[PDB]
Ligand code: PMR
Ligand code: SF4
């Protein structure tokens, strides 16, 4: 289907970005499959209210079998029809960091949920980007770079971009653009994306409105607060419209020569 | 006394190590600021030199021996006699392959025994990846730092459990989870009680200390300290509390999944 | 990795033995398989040390089981103790002893040796013999030496000399003569003549003198840091370097830089109509980095030799060598195998290959005049005569030893040119 | 138990490569065994030798399969650079044994991959199993299984001996009515002697213990003859061989009468300085008793302690039978006691190891440095007075210098 590699620095807006972008994907009326890698289980849990069970949750309840990974339990379907899976980071110390997310993707493909759905939005961490940790980038076609708006986060997204170029060894993964973790409308990154031969999609600051860890138990698209306005949510709606048409796939280049402006 | 300064934020947990180095230099004992964080921000916060040299990649020379002297790779800058930063060779800097780069290991097997007062161990940026957990080998008093953001306290708990994981033979103690909170968050307080850890010098913020800028300096070397003495208050005391592991609050991290404390 | 028939450096434990046998009252109890004794032969025969090298070998013939090997090492430690009565003990592991799982220092401590025991780590598969010597030196300095009061008369430390050195004996005699003639006494030449008591006294000299950097530089740095003893840097091999060294030690000690150049023959002799044919002779320069850099200065300045290639076999000192080579218009040739040296000589086709034992032979196969200016040498190059390298008398030696092969060639080539070997061509007017 | 001074078996390679040409020896090990070969060869290494060390760096330590692949690459490279090789040798060393890098399976791996013209065989000179001269023993003993068999009375005296002396021996021995002698006429090709049930091998150098076992495994017949070093040794050796092969003694008395005269005359000429001098035969090469019988009887010596690293009585009993049982033997080797015995006994002539030679000579002991007799011709008649001469050399030099 239409797949986008969403790589978060690790900011709190990981949930606010992934879950609500997926919710808008469904709001326009389309089938959603969100892969939000958040072992805390916040990036996608809000579309269902409670903490979603991902592939890893049920694959933890059972040992190593997929037949008990039933649809609603191995990919929880959220509000407005968003069937949003997660990736629960490896148990402390043991288990390859890649193995977890790799198994999430392999299980989503095993039931052919990506083909079943029309969205594959792929929210994965961007702080640790080892080959296994950055493996989820390869599967996705496009890529949007969710992040906070500060120089620590701009370094984090440049690490994300480096992981993108590393996974570019496999297939021809592109980059739709860069968005924020509800932080700012790219006032701090857009010129950097210009520096790396890239564009940062102008994602309106949504952290200005009332926010919690994941807006309590349901985010802006799943509760009455609805950010500031239905237009504040129409920001994610227009991002979803862009993600069908998939403009600006242009791949940036790595910038390690202190271009972070730390 | 190796003090692995863990955490989640980039400039966070890295300014902290420089403050530790400054305090220990005021205390006189030799300090080994080995930063090696992918962000060239660890020796920066102490020397003022943001990226002096990244020789710990060892490209100009092929391997370690070529450096007949440490002077090329290790740097002094200010009272932090040893501020050295590896930087990490990920896909960001060069090819990378694994983001390990084993640069932490290069500092482990760096040159000759320049022991002095062991190591302050700024280090880190690994946090976890199967086979990309090098700094754990020399960690002795590993300390995790957190801000108010819940992701960061989750980062603490994950790191503590992970260090107990590999430290099956290393058996590194953790005298406390000194944090970097900004708004005196009571959620972090409930966590510190939950984690059964020690967090006394965690009042250091990302706003109160001149907003943790990247132009001025840290502790003694910057202008008129901070709020007359705010910077020194928690950090000299930290150099009189955690200066050794004489208060080993090391427990079992979260006793039984005491992470579901989101509140708000 | 490679088929090493020639290896310039030796295994690290050999360098450790160099340092150990250089001292007086220091036993190097070494974990090693039966047969690794061979290095005692090198020391006994090449250098001709009367007393056997004071090193023991916990030779494990075929009890390779860790329970056994540990017992052999412990027994050998204690036996070496009450047998040879050393004032300190040096313990380490060599080759398979690194492969075999042993605690080379824990057991030595466990035997409760009253004499100090210095634990050594020698990574036997990434380092070499020069490293090993230097590291063993650093270890014995850490354990034995300690800061004390400065001597009333400025005392200079001759850091660096060890056993089985290239002329590490006549050379320290020459340097001591120069230094004491200026006035500075020597506290304790640390290896090649220093009891562990001497090392205990290394913290009373004023300013260190790094004789041979490679084997002793790390000890020099540790001295500068802990003992707060500044160490000189220039090696006084030649005349220019000797003047510089004299001035430097004068400054470090605040004394007059008087030099007894009455023995200096090399400047005048090189500046003679007898030996102006030297100008414009390409010389290839190989060997350990210090000696090569110093020989570079001598060949380019004192003799007027045009140096064509400077290489070294120790990577540990590559950077100074590349600096020097870029100085002389060349590029350094830091290598480890004899093949690349053979190729470099073949391509450059020098006329005087000053190099290690192997370069001497490469020369003789190629028919090029040869000389020895480095460490890897057999028993022949360890002479009985007074043959220093640094100092003014060292300059004289350098002159004669470097010129002698060229004169051998010239008078050889003459006897060929002469009618006895030239009654083969003739011309009769227009043929 | 204790400090043993005997070197690794790789010291065998030093003369093995010369005596058995077209044979390259990959001593896979560390830089340490590399150095040992370097120093021992001394000046050979300059003369493009047929050995070398395949250093195992840390990289080629953990992954045994990785080391195997790299070794195959190295072997191919060598044979490309050395097409003249007919038998490569994957000789193991102490690190190789510890890494348990089985070179036998490696030899199977690269037997005919790079040409069947190179018959890669495996033995082990590692100091963890063999002791000095046990190297050449192990090499030839690994040679034995690959050898073909025969169906005739074949004299397999083992070719671990200088070609000039070997030609002398085969000349006299064939003159004594004997045919197949394992004397390949050119000596520059693989001898490939036949080893069958009627094969009769005569031990020539004592250190060849496991070769004896290997030939016995191949149904070959040993000769319990005193070893051909001096006069009686060589005489009894030839007489014994003549008997077992079926030759009478009548022609023998005439064949080697003049050689016997030369041997006795030369020994009498060289033992002039050697008049009742005490010999401490320190265990260095396990070659000692064969030399002892010669010294003590026909040279006129007085043995004290004829020690040995290992003792193969199966092939030493003949030689010992002529030895006066006064002089003691030594199966216990430790310099911590050997040097004490030497110092207490004050023997006038001691065969110390080279690393012990100069120290022992410093203590008023004339030391016959023992590395020669394996390397220098000391076998048979013409070279018996020579052997007595090298033994009389140290005492004469002491005499001149007082
Ligand atoms: C100290 C180590 C050493 C060196 C440099 C060589 C070469 C050499 N070792 Mg002896 N030699 C040492 C060891 C060994 N040498 C070896 C070879 C060999 C022999 C047979 C001989 C000899 C001797 C020497 C010599 C001549 C100088 C000497 O060491 O006395 C060198 C350079 C040489 C000699 O001394 O007698 C005249 C002599 O005839 N080496 C071997 C046989 C594997 C051993 C154990
Ligand atoms: S990315 Fe590298 S460090 Fe991480 S699991 Fe894979 S191989 Fe190991």
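Per Swiss-Prot, chain A residues shown: 31-292, in order.
If you check the header, you will see the structure was determined by electron microscopy, 3.7 Å.
Heads up, the Cβ atoms here are built off N, Cα and C, so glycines get one too.
Residues annotated as ATP binding site in Swiss-Prot: A:41, A:42, A:43, A:44, A:45, A:46, A:70, A:211, A:212, A:235, A:236, A:237. For the recorded site, residue A:43 (ATP binding site), the DSSP three-state label reads helix.
Positions annotated as Mg(2+) binding site by Swiss-Prot: A:45. All protein chains considered, the CB of residue A:45 (ATP binding site) has 30 other CB atoms within 10 Å.
Residues or ranges marked as [4Fe-4S] cluster binding site in Swiss-Prot (evidence: experimental evidence): A:126, A:160. DSSP assigns residue A:160 ([4Fe-4S] cluster binding site) to coil, not to a helix or a strand. All chains included, 24 other C-beta atoms sit within 10 angstroms of the C-beta of residue A:160 ([4Fe-4S] cluster binding site).
Long-range Cβ proximity for residue A:212 (ATP binding site), meaning a same-chain Cβ under 8 A and a gap of 6 or more residues, is found for A:43, A:46, A:47, A:233, A:235, A:236, A:237, A:241. Counting every protein chain shown, the number of other Cβ atoms lying within 10 Å of the Cβ of residue A:70 (ATP binding site) is 24. For residue A:126 ([4Fe-4S] cluster binding site), the same-chain residues 6+ apart in sequence whose C-beta sits under 8 angstroms from its C-beta are A:120, A:162.
Here the C-alpha separation of residue A:41 (ATP binding site) and residue A:160 ([4Fe-4S] cluster binding site) works out to 19 Å. Less than 8 angstroms from a Cβ of chain B: among the binding-site residues A:43, A:45, A:70, A:160, A:212, that describes A:70, A:160. Of all Cα pairs drawn from A:41, A:42, A:43, A:44, A:45, A:46, A:70, A:211, A:212, A:235, A:236, A:237, which the record names as binding ATP, the longest spans 24 Å. When Cβ atoms from all protein chains are considered, those within 10 Å of residue A:41 (ATP binding site) total 26, not counting its own.
On the backbone, the CA of residue A:70 (ATP binding site) and the CA of residue A:160 ([4Fe-4S] cluster binding site) stand 20 Å apart. The two recorded residues, residue A:45 (ATP binding site) and residue A:160 ([4Fe-4S] cluster binding site), have Cα atoms 22 Å apart. A 10 Å cutoff on Cβ-Cβ distances gives residue A:43 (ATP binding site) a total of 27 other Cβ atoms nearby, all chains included.
Not one of the binding-site residues A:41, A:43, A:45, A:70, A:212, A:236 places a Cβ under 6 Å from an atom of ligand 2.
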